$ cat structure30.txt   # compact mmCIF, N, CA, C and O atoms
# COMPACT_ATOMS: atom_id res chain seq x y z
N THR A 1 204.77 280.25 78.81
CA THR A 1 204.85 281.71 78.84
C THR A 1 203.64 282.31 79.54
O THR A 1 203.78 283.22 80.36
N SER A 2 202.44 281.80 79.23
CA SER A 2 201.24 282.31 79.88
C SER A 2 201.27 282.05 81.38
O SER A 2 200.87 282.92 82.17
N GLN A 3 201.74 280.87 81.79
CA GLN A 3 201.88 280.59 83.21
C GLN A 3 202.95 281.47 83.85
O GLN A 3 202.77 281.97 84.96
N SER A 4 204.07 281.67 83.15
CA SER A 4 205.15 282.49 83.70
C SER A 4 204.72 283.93 83.90
O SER A 4 205.03 284.55 84.92
N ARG A 5 204.01 284.50 82.91
CA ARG A 5 203.47 285.84 83.08
C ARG A 5 202.45 285.89 84.21
O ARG A 5 202.41 286.85 84.98
N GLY A 6 201.62 284.85 84.32
CA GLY A 6 200.66 284.79 85.41
C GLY A 6 201.33 284.70 86.77
O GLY A 6 200.87 285.31 87.74
N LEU A 7 202.41 283.92 86.87
CA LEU A 7 203.10 283.77 88.15
C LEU A 7 203.86 285.04 88.52
O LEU A 7 203.87 285.44 89.69
N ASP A 8 204.51 285.68 87.54
CA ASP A 8 205.16 286.96 87.79
C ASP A 8 204.13 288.00 88.23
O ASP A 8 204.38 288.80 89.14
N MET A 9 202.96 287.99 87.59
CA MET A 9 201.86 288.83 88.04
C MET A 9 201.42 288.44 89.45
O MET A 9 201.13 289.31 90.28
N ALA A 10 201.36 287.13 89.73
CA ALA A 10 200.79 286.66 90.99
C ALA A 10 201.59 287.13 92.20
O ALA A 10 200.99 287.49 93.22
N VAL A 11 202.92 287.14 92.11
CA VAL A 11 203.72 287.63 93.23
C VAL A 11 203.49 289.13 93.43
O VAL A 11 203.58 289.63 94.55
N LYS A 12 203.19 289.85 92.35
CA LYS A 12 202.81 291.26 92.49
C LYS A 12 201.49 291.41 93.23
O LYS A 12 201.35 292.26 94.11
N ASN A 13 200.50 290.58 92.88
CA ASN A 13 199.21 290.63 93.57
C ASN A 13 199.35 290.24 95.03
O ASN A 13 198.75 290.87 95.91
N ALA A 14 200.13 289.19 95.31
CA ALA A 14 200.34 288.79 96.70
C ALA A 14 201.09 289.86 97.48
O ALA A 14 200.90 289.98 98.70
N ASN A 15 201.94 290.63 96.80
CA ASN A 15 202.57 291.77 97.46
C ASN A 15 201.55 292.84 97.82
O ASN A 15 201.64 293.46 98.88
N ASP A 16 200.56 293.06 96.94
CA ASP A 16 199.49 294.00 97.25
C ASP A 16 198.67 293.52 98.45
O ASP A 16 198.30 294.32 99.31
N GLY A 17 198.37 292.22 98.50
CA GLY A 17 197.65 291.69 99.64
C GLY A 17 198.43 291.81 100.93
O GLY A 17 197.87 292.08 102.00
N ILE A 18 199.75 291.60 100.86
CA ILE A 18 200.60 291.80 102.03
C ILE A 18 200.59 293.26 102.46
O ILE A 18 200.52 293.57 103.65
N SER A 19 200.66 294.17 101.49
CA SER A 19 200.71 295.60 101.80
C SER A 19 199.44 296.06 102.51
O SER A 19 199.50 296.86 103.45
N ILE A 20 198.27 295.60 102.05
CA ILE A 20 197.02 295.98 102.70
C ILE A 20 196.99 295.47 104.13
O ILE A 20 196.57 296.18 105.05
N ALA A 21 197.45 294.24 104.34
CA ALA A 21 197.51 293.69 105.69
C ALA A 21 198.47 294.50 106.56
O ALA A 21 198.19 294.74 107.75
N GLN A 22 199.61 294.91 106.00
CA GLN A 22 200.56 295.72 106.76
C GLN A 22 199.97 297.07 107.13
O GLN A 22 200.12 297.53 108.27
N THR A 23 199.31 297.74 106.18
CA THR A 23 198.71 299.04 106.46
C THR A 23 197.62 298.92 107.51
O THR A 23 197.52 299.77 108.41
N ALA A 24 196.78 297.89 107.41
CA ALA A 24 195.70 297.71 108.37
C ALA A 24 196.24 297.41 109.76
O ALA A 24 195.80 298.01 110.75
N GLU A 25 197.20 296.49 109.86
CA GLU A 25 197.72 296.10 111.17
C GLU A 25 198.48 297.24 111.83
O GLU A 25 198.40 297.41 113.05
N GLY A 26 199.23 298.02 111.05
CA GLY A 26 199.90 299.18 111.61
C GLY A 26 198.92 300.18 112.19
O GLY A 26 199.20 300.83 113.19
N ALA A 27 197.75 300.32 111.55
CA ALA A 27 196.70 301.16 112.11
C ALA A 27 196.21 300.62 113.45
O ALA A 27 196.00 301.39 114.40
N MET A 28 196.03 299.30 113.55
CA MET A 28 195.61 298.71 114.82
C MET A 28 196.70 298.75 115.88
O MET A 28 196.40 298.57 117.06
N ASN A 29 197.96 298.96 115.48
CA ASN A 29 199.03 299.08 116.46
C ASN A 29 198.81 300.30 117.36
O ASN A 29 199.00 300.23 118.58
N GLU A 30 198.40 301.42 116.76
CA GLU A 30 198.06 302.59 117.56
C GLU A 30 196.74 302.40 118.29
O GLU A 30 196.54 302.98 119.37
N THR A 31 195.82 301.62 117.72
CA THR A 31 194.57 301.32 118.41
C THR A 31 194.82 300.55 119.70
O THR A 31 194.21 300.83 120.74
N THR A 32 195.73 299.57 119.65
CA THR A 32 196.08 298.82 120.85
C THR A 32 196.72 299.73 121.90
O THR A 32 196.43 299.61 123.10
N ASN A 33 197.60 300.64 121.47
CA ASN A 33 198.21 301.57 122.40
C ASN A 33 197.16 302.48 123.02
O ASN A 33 197.20 302.76 124.23
N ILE A 34 196.19 302.93 122.22
CA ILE A 34 195.12 303.78 122.75
C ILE A 34 194.31 303.02 123.80
O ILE A 34 194.06 303.53 124.89
N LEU A 35 193.92 301.78 123.49
CA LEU A 35 193.11 301.00 124.42
C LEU A 35 193.86 300.73 125.72
O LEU A 35 193.26 300.76 126.80
N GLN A 36 195.16 300.45 125.63
CA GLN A 36 195.96 300.26 126.83
C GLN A 36 196.01 301.54 127.66
O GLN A 36 196.01 301.49 128.90
N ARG A 37 196.07 302.70 127.00
CA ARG A 37 196.09 303.97 127.72
C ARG A 37 194.78 304.20 128.46
O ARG A 37 194.78 304.55 129.65
N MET A 38 193.65 304.01 127.78
CA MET A 38 192.36 304.22 128.43
C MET A 38 192.14 303.22 129.56
O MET A 38 191.37 303.50 130.49
N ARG A 39 192.79 302.06 129.50
CA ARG A 39 192.72 301.12 130.62
C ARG A 39 193.47 301.66 131.83
O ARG A 39 193.07 301.42 132.98
N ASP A 40 194.55 302.40 131.59
CA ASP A 40 195.27 303.05 132.68
C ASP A 40 194.37 304.08 133.36
O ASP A 40 194.23 304.10 134.58
N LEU A 41 193.73 304.94 132.56
CA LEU A 41 192.85 305.95 133.13
C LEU A 41 191.64 305.32 133.81
O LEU A 41 191.19 305.79 134.86
N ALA A 42 191.08 304.26 133.22
CA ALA A 42 189.94 303.59 133.83
C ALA A 42 190.31 302.99 135.18
O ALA A 42 189.54 303.11 136.15
N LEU A 43 191.47 302.35 135.27
CA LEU A 43 191.93 301.81 136.55
C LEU A 43 192.19 302.93 137.55
O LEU A 43 191.87 302.79 138.74
N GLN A 44 192.78 304.03 137.09
CA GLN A 44 193.06 305.16 137.98
C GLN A 44 191.78 305.82 138.47
O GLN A 44 191.73 306.29 139.62
N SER A 45 190.74 305.87 137.63
CA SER A 45 189.49 306.51 138.03
C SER A 45 188.76 305.71 139.10
O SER A 45 188.06 306.30 139.93
N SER A 46 188.91 304.38 139.11
CA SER A 46 188.25 303.55 140.10
C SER A 46 188.82 303.74 141.50
O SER A 46 188.22 303.24 142.46
N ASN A 47 189.95 304.42 141.64
CA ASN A 47 190.51 304.68 142.96
C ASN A 47 189.56 305.53 143.80
O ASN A 47 188.91 306.45 143.29
N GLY A 48 189.48 305.21 145.09
CA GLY A 48 188.64 305.99 145.99
C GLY A 48 189.23 307.33 146.38
O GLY A 48 188.50 308.17 146.92
N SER A 49 190.52 307.53 146.14
CA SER A 49 191.14 308.81 146.46
C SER A 49 190.62 309.94 145.58
O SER A 49 190.56 311.09 146.02
N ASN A 50 190.25 309.63 144.34
CA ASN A 50 189.74 310.65 143.43
C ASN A 50 188.42 311.21 143.93
O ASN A 50 187.56 310.47 144.43
N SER A 51 188.26 312.52 143.80
CA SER A 51 186.99 313.17 144.06
C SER A 51 186.15 313.12 142.78
O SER A 51 186.52 312.49 141.79
N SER A 52 184.99 313.79 142.79
CA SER A 52 184.17 313.84 141.59
C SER A 52 184.88 314.58 140.47
O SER A 52 184.81 314.17 139.30
N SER A 53 185.58 315.66 140.80
CA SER A 53 186.21 316.50 139.77
C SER A 53 187.27 315.73 139.00
O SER A 53 187.41 315.91 137.78
N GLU A 54 188.05 314.89 139.68
CA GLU A 54 189.09 314.12 139.00
C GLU A 54 188.50 313.15 137.99
O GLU A 54 189.08 312.92 136.92
N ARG B 1 185.22 326.09 188.62
CA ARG B 1 184.60 325.09 187.76
C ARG B 1 184.12 325.72 186.45
O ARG B 1 184.25 325.11 185.38
N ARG B 2 183.57 326.93 186.52
CA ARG B 2 183.18 327.63 185.30
C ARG B 2 184.40 327.96 184.44
O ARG B 2 184.34 327.88 183.21
N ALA B 3 185.51 328.35 185.08
CA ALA B 3 186.73 328.64 184.33
C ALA B 3 187.24 327.40 183.60
O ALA B 3 187.70 327.49 182.46
N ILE B 4 187.16 326.24 184.25
CA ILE B 4 187.53 324.99 183.59
C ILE B 4 186.55 324.68 182.46
O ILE B 4 186.95 324.22 181.38
N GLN B 5 185.26 324.93 182.69
CA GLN B 5 184.25 324.70 181.66
C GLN B 5 184.51 325.54 180.42
O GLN B 5 184.18 325.12 179.30
N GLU B 6 185.09 326.73 180.58
CA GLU B 6 185.44 327.55 179.43
C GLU B 6 186.45 326.81 178.55
O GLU B 6 186.26 326.68 177.34
N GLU B 7 187.50 326.27 179.17
CA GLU B 7 188.50 325.52 178.42
C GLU B 7 187.91 324.26 177.81
O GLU B 7 188.23 323.90 176.67
N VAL B 8 187.05 323.56 178.56
CA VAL B 8 186.44 322.33 178.05
C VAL B 8 185.54 322.64 176.86
O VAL B 8 185.55 321.92 175.85
N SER B 9 184.73 323.70 176.97
CA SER B 9 183.86 324.08 175.86
C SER B 9 184.66 324.52 174.65
O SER B 9 184.30 324.20 173.51
N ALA B 10 185.74 325.27 174.87
CA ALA B 10 186.58 325.70 173.76
C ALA B 10 187.25 324.51 173.08
O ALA B 10 187.36 324.47 171.84
N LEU B 11 187.70 323.53 173.86
CA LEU B 11 188.29 322.33 173.28
C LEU B 11 187.24 321.46 172.61
O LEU B 11 187.54 320.78 171.62
N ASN B 12 186.01 321.46 173.12
CA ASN B 12 184.92 320.75 172.46
C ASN B 12 184.65 321.35 171.09
O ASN B 12 184.42 320.62 170.11
N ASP B 13 184.67 322.68 170.99
CA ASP B 13 184.52 323.33 169.69
C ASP B 13 185.69 323.02 168.78
O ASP B 13 185.57 323.06 167.55
N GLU B 14 186.85 322.69 169.37
CA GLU B 14 188.03 322.38 168.57
C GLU B 14 187.85 321.02 167.89
O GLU B 14 188.11 320.88 166.69
N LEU B 15 187.35 320.03 168.63
CA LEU B 15 187.12 318.70 168.06
C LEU B 15 186.17 318.76 166.87
O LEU B 15 186.39 318.10 165.85
N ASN B 16 185.09 319.55 166.99
CA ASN B 16 184.16 319.69 165.88
C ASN B 16 184.85 320.30 164.67
O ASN B 16 184.64 319.85 163.53
N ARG B 17 185.68 321.32 164.89
CA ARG B 17 186.40 321.94 163.78
C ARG B 17 187.38 320.96 163.15
O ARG B 17 187.59 320.99 161.93
N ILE B 18 188.00 320.09 163.96
CA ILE B 18 188.95 319.12 163.42
C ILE B 18 188.26 318.20 162.43
O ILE B 18 188.76 317.95 161.33
N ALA B 19 187.09 317.68 162.80
CA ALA B 19 186.36 316.78 161.91
C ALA B 19 185.87 317.51 160.67
O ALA B 19 185.96 316.98 159.55
N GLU B 20 185.34 318.72 160.84
CA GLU B 20 184.75 319.45 159.72
C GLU B 20 185.79 319.89 158.69
O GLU B 20 185.54 319.83 157.49
N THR B 21 186.97 320.33 159.15
CA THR B 21 187.93 320.97 158.25
C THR B 21 189.00 320.03 157.71
O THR B 21 189.59 320.34 156.67
N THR B 22 189.28 318.92 158.39
CA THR B 22 190.27 317.98 157.88
C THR B 22 189.85 317.46 156.51
O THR B 22 188.75 316.91 156.35
N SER B 23 190.72 317.63 155.52
CA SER B 23 190.38 317.29 154.15
C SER B 23 191.64 316.83 153.43
O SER B 23 192.76 317.12 153.84
N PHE B 24 191.42 316.10 152.33
CA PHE B 24 192.48 315.58 151.48
C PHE B 24 192.18 316.08 150.07
O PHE B 24 191.46 315.44 149.31
N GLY B 25 192.74 317.24 149.72
CA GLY B 25 192.43 317.86 148.44
C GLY B 25 190.97 318.25 148.31
O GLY B 25 190.36 318.02 147.26
N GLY B 26 190.39 318.82 149.37
CA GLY B 26 189.00 319.19 149.38
C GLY B 26 188.04 318.08 149.74
O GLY B 26 186.85 318.36 149.97
N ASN B 27 188.50 316.83 149.81
CA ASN B 27 187.66 315.69 150.15
C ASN B 27 187.67 315.51 151.66
O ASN B 27 188.68 315.10 152.23
N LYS B 28 186.55 315.83 152.31
CA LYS B 28 186.47 315.74 153.76
C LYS B 28 186.61 314.30 154.22
O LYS B 28 186.16 313.36 153.56
N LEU B 29 187.24 314.12 155.38
CA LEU B 29 187.54 312.80 155.91
C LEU B 29 186.82 312.50 157.22
O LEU B 29 186.13 311.48 157.31
N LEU B 30 186.96 313.35 158.23
CA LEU B 30 186.55 313.03 159.59
C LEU B 30 185.15 313.53 159.93
O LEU B 30 184.71 313.38 161.07
N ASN B 31 184.43 314.12 158.97
CA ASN B 31 183.09 314.62 159.23
C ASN B 31 182.01 313.58 158.95
O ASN B 31 180.82 313.89 159.10
N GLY B 32 182.39 312.37 158.56
CA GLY B 32 181.44 311.32 158.26
C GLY B 32 180.91 311.31 156.84
O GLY B 32 180.16 310.39 156.49
N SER B 33 181.28 312.30 156.02
CA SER B 33 180.82 312.33 154.64
C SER B 33 181.61 311.40 153.73
O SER B 33 181.15 311.10 152.62
N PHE B 34 182.78 310.93 154.18
CA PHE B 34 183.56 310.00 153.38
C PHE B 34 182.84 308.67 153.21
O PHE B 34 182.81 308.11 152.10
N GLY B 35 182.23 308.16 154.28
CA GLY B 35 181.57 306.87 154.20
C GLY B 35 182.56 305.76 153.90
O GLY B 35 183.61 305.65 154.55
N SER B 36 182.23 304.93 152.92
CA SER B 36 183.08 303.83 152.50
C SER B 36 183.46 304.01 151.03
O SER B 36 182.59 304.26 150.19
N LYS B 37 184.75 303.90 150.74
CA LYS B 37 185.25 304.00 149.38
C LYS B 37 186.23 302.87 149.12
O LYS B 37 186.97 302.45 150.02
N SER B 38 186.24 302.38 147.89
CA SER B 38 187.06 301.23 147.50
C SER B 38 188.29 301.71 146.74
O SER B 38 188.16 302.45 145.75
N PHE B 39 189.46 301.30 147.19
CA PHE B 39 190.73 301.65 146.57
C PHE B 39 191.21 300.50 145.70
O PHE B 39 191.33 299.37 146.18
N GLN B 40 191.48 300.79 144.43
CA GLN B 40 191.77 299.77 143.43
C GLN B 40 193.26 299.46 143.44
O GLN B 40 194.08 300.29 143.05
N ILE B 41 193.62 298.25 143.88
CA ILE B 41 195.03 297.86 144.00
C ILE B 41 195.31 296.61 143.18
O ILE B 41 196.19 295.82 143.53
N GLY B 42 194.57 296.42 142.08
CA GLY B 42 194.75 295.25 141.26
C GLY B 42 195.01 295.62 139.81
O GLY B 42 194.75 296.74 139.37
N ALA B 43 195.55 294.65 139.07
CA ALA B 43 195.82 294.83 137.65
C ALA B 43 194.61 294.56 136.78
O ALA B 43 194.66 294.83 135.57
N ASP B 44 193.52 294.04 137.35
CA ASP B 44 192.29 293.80 136.62
C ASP B 44 191.14 294.46 137.38
O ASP B 44 191.33 294.99 138.48
N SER B 45 189.96 294.43 136.79
CA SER B 45 188.80 295.06 137.41
C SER B 45 188.31 294.25 138.60
O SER B 45 188.46 293.03 138.66
N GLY B 46 187.73 294.95 139.57
CA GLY B 46 187.11 294.30 140.71
C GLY B 46 188.05 293.78 141.77
O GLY B 46 187.74 292.78 142.43
N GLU B 47 189.20 294.43 141.96
CA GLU B 47 190.16 293.99 142.97
C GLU B 47 190.43 295.10 143.98
O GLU B 47 191.59 295.35 144.33
N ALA B 48 189.38 295.75 144.46
CA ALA B 48 189.51 296.91 145.34
C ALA B 48 189.37 296.51 146.81
O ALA B 48 189.01 295.38 147.14
N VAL B 49 189.66 297.47 147.68
CA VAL B 49 189.60 297.28 149.13
C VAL B 49 188.87 298.48 149.73
O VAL B 49 189.23 299.63 149.45
N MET B 50 187.87 298.21 150.56
CA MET B 50 187.01 299.27 151.09
C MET B 50 187.61 299.85 152.37
O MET B 50 188.05 299.11 153.26
N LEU B 51 187.63 301.18 152.45
CA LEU B 51 188.08 301.91 153.62
C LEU B 51 186.90 302.67 154.20
O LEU B 51 186.20 303.38 153.48
N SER B 52 186.67 302.51 155.50
CA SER B 52 185.59 303.20 156.19
C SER B 52 186.12 303.85 157.46
O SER B 52 186.76 303.19 158.28
N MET B 53 185.86 305.15 157.60
CA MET B 53 186.17 305.88 158.82
C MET B 53 184.98 306.77 159.16
O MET B 53 184.59 307.63 158.37
N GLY B 54 184.39 306.54 160.34
CA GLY B 54 183.24 307.31 160.76
C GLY B 54 183.60 308.70 161.24
O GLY B 54 184.77 309.06 161.40
$ encode --input "structure30.txt" --output "structure tokens"
Amino acid sequence: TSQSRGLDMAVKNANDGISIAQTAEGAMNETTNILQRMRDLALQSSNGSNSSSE
Amino acid sequence: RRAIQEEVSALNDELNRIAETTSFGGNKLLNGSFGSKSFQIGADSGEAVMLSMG
């Protein structure tokens, strides 16, 4: 019984660990999109056609 | 000969105006201020090509 209660508890704890990983990685999903966007602007800025104002 | 020189001098002033006023969105081209600029045509950094027009 003590092991069974511990194991039933354990899957709950492992669900919490999964949830934290999901929340963190979803946050980095937008971070990756942001970094890819700034790479577009960085590549575009290196063009010689742009003046100083651009 | 002086009458021809009038046309030659007027056309000489035209060439100077062509170099001074030719621009690409305000960026002068034929006046020598362009110098050399590198156009980025690569998917990674450092893959540019230099254009020079005196």
$ interface_residues --input "structure30.txt" --of "chain A" --to "chain B" --cutoff "8 Å" --atoms "only N, CA, C and O atoms" --output "list in words"
residues 39, 43, 44, 45, 46, 47, 48, 49, 50 and 51 of chain A
$ write_last_selection --input "structure30.txt" --atoms "N, CA, C and O atoms" --output "PDB file, in the frame of the given file"
ATOM      1  N   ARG A  39     192.790 302.060 129.500  1.00  0.00           N
ATOM      2  CA  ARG A  39     192.720 301.120 130.620  1.00  0.00           C
ATOM      3  C   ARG A  39     193.470 301.660 131.830  1.00  0.00           C
ATOM      4  O   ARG A  39     193.070 301.420 132.980  1.00  0.00           O
ATOM      5  N   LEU A  43     191.470 302.350 135.270  1.00  0.00           N
ATOM      6  CA  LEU A  43     191.930 301.810 136.550  1.00  0.00           C
ATOM      7  C   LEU A  43     192.190 302.930 137.550  1.00  0.00           C
ATOM      8  O   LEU A  43     191.870 302.790 138.740  1.00  0.00           O
ATOM      9  N   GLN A  44     192.780 304.030 137.090  1.00  0.00           N
ATOM     10  CA  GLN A  44     193.060 305.160 137.980  1.00  0.00           C
ATOM     11  C   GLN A  44     191.780 305.820 138.470  1.00  0.00           C
ATOM     12  O   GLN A  44     191.730 306.290 139.620  1.00  0.00           O
ATOM     13  N   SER A  45     190.740 305.870 137.630  1.00  0.00           N
ATOM     14  CA  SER A  45     189.490 306.510 138.030  1.00  0.00           C
ATOM     15  C   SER A  45     188.760 305.710 139.100  1.00  0.00           C
ATOM     16  O   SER A  45     188.060 306.300 139.930  1.00  0.00           O
ATOM     17  N   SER A  46     188.910 304.380 139.110  1.00  0.00           N
ATOM     18  CA  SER A  46     188.250 303.550 140.100  1.00  0.00           C
ATOM     19  C   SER A  46     188.820 303.740 141.500  1.00  0.00           C
ATOM     20  O   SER A  46     188.220 303.240 142.460  1.00  0.00           O
ATOM     21  N   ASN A  47     189.950 304.420 141.640  1.00  0.00           N
ATOM     22  CA  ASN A  47     190.510 304.680 142.960  1.00  0.00           C
ATOM     23  C   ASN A  47     189.560 305.530 143.800  1.00  0.00           C
ATOM     24  O   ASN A  47     188.910 306.450 143.290  1.00  0.00           O
ATOM     25  N   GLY A  48     189.480 305.210 145.090  1.00  0.00           N
ATOM     26  CA  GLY A  48     188.640 305.990 145.990  1.00  0.00           C
ATOM     27  C   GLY A  48     189.230 307.330 146.380  1.00  0.00           C
ATOM     28  O   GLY A  48     188.500 308.170 146.920  1.00  0.00           O
ATOM     29  N   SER A  49     190.520 307.530 146.140  1.00  0.00           N
ATOM     30  CA  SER A  49     191.140 308.810 146.460  1.00  0.00           C
ATOM     31  C   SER A  49     190.620 309.940 145.580  1.00  0.00           C
ATOM     32  O   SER A  49     190.560 311.090 146.020  1.00  0.00           O
ATOM     33  N   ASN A  50     190.250 309.630 144.340  1.00  0.00           N
ATOM     34  CA  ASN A  50     189.740 310.650 143.430  1.00  0.00           C
ATOM     35  C   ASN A  50     188.420 311.210 143.930  1.00  0.00           C
ATOM     36  O   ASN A  50     187.560 310.470 144.430  1.00  0.00           O
ATOM     37  N   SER A  51     188.260 312.520 143.800  1.00  0.00           N
ATOM     38  CA  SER A  51     186.990 313.170 144.060  1.00  0.00           C
ATOM     39  C   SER A  51     186.150 313.120 142.780  1.00  0.00           C
ATOM     40  O   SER A  51     186.520 312.490 141.790  1.00  0.00           O
TER      41      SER A  51
END
$ select_by_dssp --input "structure30.txt" --residues "chain B" --states "strand (DSSP E)" --output "list in words"
residues 23, 24, 27, 28, 36, 37, 38, 39, 40, 48, 49, 50, 51 and 52 of chain B
$ atom_distance --input "structure30.txt" --atom1 "CA of residue 29 (chain B)" --atom2 "atom N of residue 54 (chain B)"
8.3 Å
$ atom_distance --input "structure30.txt" --atom1 "atom C of residue 47 (chain B)" --atom2 "atom O of residue 42 (chain A)"
11.2 Å
$ atom_distance --input "structure30.txt" --atom1 "CA of residue 1 (chain B)" --atom2 "CA of residue 13 (chain B)"
18.2 Å
$ select_by_dssp --input "structure30.txt" --residues "chain B" --states "alpha helix (DSSP H)" --output "ChimeraX atom specification"
/B:2-21
$ axis_aligned_box --input "structure30.txt" --around "region 27-43 of chain A" --padding-each-side "8 Å" --output "AutoDock Vina command-line options"
--center_x 194.3 --center_y 302.3 --center_z 125.1 --size_x 25.5 --size_y 23.4 --size_z 43.2
$ decode --input "structure30.txt" --residues "region 3-21 of chain A" --atoms "N, CA, C and O atoms" --output "compact mmCIF listing (two decimals), in the first residue's frame"
# COMPACT_ATOMS: atom_id res chain seq x y z
N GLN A 3 3.93 1.55 -1.12
CA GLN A 3 4.52 1.67 -2.45
C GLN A 3 3.49 2.12 -3.48
O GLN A 3 3.79 2.94 -4.34
N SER A 4 2.27 1.58 -3.40
CA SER A 4 1.24 1.94 -4.36
C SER A 4 0.86 3.42 -4.26
O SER A 4 0.70 4.10 -5.28
N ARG A 5 0.71 3.93 -3.03
CA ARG A 5 0.47 5.35 -2.85
C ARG A 5 1.65 6.17 -3.35
O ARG A 5 1.47 7.23 -3.96
N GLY A 6 2.87 5.70 -3.09
CA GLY A 6 4.05 6.40 -3.59
C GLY A 6 4.12 6.42 -5.10
O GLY A 6 4.51 7.43 -5.70
N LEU A 7 3.76 5.31 -5.75
CA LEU A 7 3.80 5.25 -7.21
C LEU A 7 2.70 6.09 -7.84
O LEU A 7 2.93 6.76 -8.85
N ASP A 8 1.49 6.05 -7.26
CA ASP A 8 0.42 6.91 -7.74
C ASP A 8 0.81 8.38 -7.57
O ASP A 8 0.54 9.21 -8.45
N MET A 9 1.45 8.71 -6.45
CA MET A 9 2.01 10.04 -6.28
C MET A 9 3.09 10.32 -7.32
O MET A 9 3.16 11.43 -7.86
N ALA A 10 3.93 9.33 -7.60
CA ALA A 10 5.10 9.55 -8.45
C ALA A 10 4.72 9.95 -9.87
O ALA A 10 5.37 10.81 -10.46
N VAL A 11 3.68 9.33 -10.43
CA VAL A 11 3.24 9.72 -11.77
C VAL A 11 2.70 11.14 -11.76
O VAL A 11 2.79 11.86 -12.77
N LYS A 12 2.12 11.58 -10.64
CA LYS A 12 1.70 12.97 -10.52
C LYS A 12 2.91 13.90 -10.52
O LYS A 12 2.90 14.94 -11.19
N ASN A 13 3.96 13.54 -9.78
CA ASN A 13 5.17 14.36 -9.76
C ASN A 13 5.84 14.40 -11.12
O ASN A 13 6.29 15.46 -11.57
N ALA A 14 5.92 13.25 -11.79
CA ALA A 14 6.51 13.22 -13.13
C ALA A 14 5.67 14.02 -14.12
O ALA A 14 6.22 14.56 -15.09
N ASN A 15 4.36 14.09 -13.90
CA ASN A 15 3.53 14.96 -14.73
C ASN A 15 3.87 16.43 -14.50
O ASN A 15 3.88 17.22 -15.44
N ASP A 16 4.16 16.80 -13.25
CA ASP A 16 4.58 18.17 -12.96
C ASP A 16 5.92 18.48 -13.63
O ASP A 16 6.10 19.57 -14.17
N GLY A 17 6.86 17.53 -13.59
CA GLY A 17 8.13 17.74 -14.27
C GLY A 17 7.97 17.86 -15.77
O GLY A 17 8.66 18.65 -16.42
N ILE A 18 7.06 17.08 -16.35
CA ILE A 18 6.76 17.20 -17.78
C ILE A 18 6.16 18.56 -18.08
O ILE A 18 6.50 19.21 -19.08
N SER A 19 5.25 19.03 -17.22
CA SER A 19 4.57 20.30 -17.45
C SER A 19 5.55 21.47 -17.43
O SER A 19 5.44 22.39 -18.26
N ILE A 20 6.49 21.47 -16.49
CA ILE A 20 7.49 22.54 -16.44
C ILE A 20 8.33 22.54 -17.71
O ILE A 20 8.62 23.60 -18.28
N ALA A 21 8.73 21.35 -18.17
CA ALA A 21 9.49 21.26 -19.41
C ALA A 21 8.68 21.76 -20.59
O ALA A 21 9.21 22.43 -21.48
